[PDB]
Structures are given as structure tokens and as C-alpha cells.
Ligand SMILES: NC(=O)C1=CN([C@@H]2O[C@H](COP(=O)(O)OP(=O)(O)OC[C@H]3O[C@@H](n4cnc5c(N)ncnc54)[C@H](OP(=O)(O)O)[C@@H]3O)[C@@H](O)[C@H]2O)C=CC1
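As a starting point, one isolated chain is supplied in C-alpha cells, in the form deposited without the ligand.
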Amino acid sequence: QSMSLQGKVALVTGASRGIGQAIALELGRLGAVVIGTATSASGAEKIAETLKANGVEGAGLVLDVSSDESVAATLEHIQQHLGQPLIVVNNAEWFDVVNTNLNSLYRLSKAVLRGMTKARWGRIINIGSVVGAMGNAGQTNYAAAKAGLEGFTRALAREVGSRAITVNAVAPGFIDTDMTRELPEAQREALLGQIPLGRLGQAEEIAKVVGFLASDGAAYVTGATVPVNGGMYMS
């Protein structure tokens, strides 16, 4: 009725598995034409099979977000064949890590903005990292990137707002993915002891939110980091 993204071309990066794939399908299912990407050809192929499998119009694709060449090429390629994407979704020593992420977020976001600017409409949606038990160190990085995301996101939202382009972030919590499904029994129950709802979040649950923010309904929402974590907040 009104959660229709019909006739809108979405771009989901890192969409071969878990959260990213869940975002891809959810966007399609809301009528989006959907371009999922991965770092490899094998990956990009897989994505397409999965789209066709669920009736979603679109295309798998190979993209290295760290490399300008890839980005410039990928977009150019996308534009000609499918159209210009207006819903763009970024999915993916603490210093190096965080520094690299935000530069990428930047690189890509910058690239896609020319297109959103012409159309005077856009959605950028940035996905946080999942919580993962690498100990004391795990707590440091999680918080560090989550801090970067929040800040970054809000800044970029301020810089584009005049052109009716929202920018928002989603901060997953302890999510049921391939990564989590094989962590030690201890670090699981310890961590569930910290989540008020007492379960992991399913990828779909992230997707749904992503889908929301994409919608026209959530058009006065910009610069915001929606926490999806069943109540476990870390700061």
C-alpha cells in the first residue's frame, strides 16, 4: 500500500550472506530493483541465483569498496544497465579497522550522491558491525566502530539534507549469523545474560528496519542510528 519501493533501484553491498542478504530480499520484497554485491565472482553469481529464486528483479555484482576504480566502474556499469541507485546500503588496530570502514563509507556514499542529487531524493543506510566475542578487545572495537558510525552518519546527514536525502545507520546487537552460530557456548550464554529479550536477533529483524528507513514514511528521519539489539546497550 505505502511501503512500496516499486520503481526504485537499491544497492546492497555485501549481500551474499546473513544480514546483507536479508536486507537484499526485504528490499526486493518491497518492490525494489536490487543490486547485491560481493567481493568475488562466485559470490556475485550466487546473489543473482538467490534473487531470481525469490522473484526479485536485479543483479549480483563484484565490488571492492576499498578501491576507487571498482566503485567508479561498478556504478557506471549499474547506471547503464539497470539505472541509478537511490537506495544505497553499506553493509560490513581498532584504529586501522575503524579508519578503513569510514573511508569506505565515505568513498561509496560520495559516489552515489551525484545521482541522488539530480533526482533530489535518496536513502543512504549504513549497517554497523555485529557484536562478536573476541574478549576485552571485542568490547573496544565494537564500541569504537559504533562510535564512528554514529558520528559519521550524522555528519553526512547534515551535509546532504538540503537535497532530500536521508542518511541513517542501523546498529545491530547480538545477531544470529554464520559468524555467531559458532562461538563458544560460554561467550554465548554470558552475552544472552546481557540481552533483555533473551535471544539473538534474526537477520530479517535488521532487514525490516532497513526496509522501513528506505520507505517514504521514514523521510523525516535523517542522521539517526537505530539500535537493534534487544535491549543490550554498550557505551
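Superpose the two forms; the largest set of C-alphas matching within 1.5 Å is the rigid core. Throughout, we count residues from 1 along the sequence that is shown.
Absent from the display: the form deposited with the ligand bound. The rest refers to it.
- If you superimpose the site C-alphas and bring the ligand over from its pose in the entry with it bound, 3 or more of its atoms are within 2.4 angstroms of a backbone or C-beta atom of this form, and that means blocked.
- Contact annotation for the candidate site: 66, 127 and 142 all lie close to the ligand in the entry with it bound (heavy atom within 4.5 Å).
- With a 4.5 Å cutoff on heavy atoms, residue 222 does not count as touching the ligand in the entry with it bound; it lies far away.
- Although the partner is absent here, residue 58 lies well away from the ligand in the entry with it bound, with no heavy atom inside 4.5 Å.
- Residue contact check for residue 167: none of its heavy atoms lie within 4.5 Å of the ligand in the entry with it bound.
- When contacts are judged by a 4.5 Å heavy atom cut-off, residue 119 does not count as touching the ligand in the entry with it bound.
- For the partner-free chain shown, 91, 92, 100 of 91 to 121 come within 4.5 angstroms of the ligand in the entry with it bound, judged by any non-hydrogen atom.
- Once the rigid core is overlaid between this form and the one not shown, residue 117 does not reach a Cα shift of 2 Å, moving by less than that.
- After superposing the rigid core, the C-alpha of residue 192 moves by less than 2 Å between this form and the one not shown.
- Once both forms are fitted on their core, the CA shift for residue 157 between this form and the one not shown remains under 2 Å.
- The pair residue 227 and residue 129 approaches in the entry with it bound: their C-alpha atoms are at least 3 Å nearer to each other than in the form depicted.
- Look at residue 196 and residue 139: in the entry with it bound their Cα atoms move 3 Å or more farther apart than in this form.
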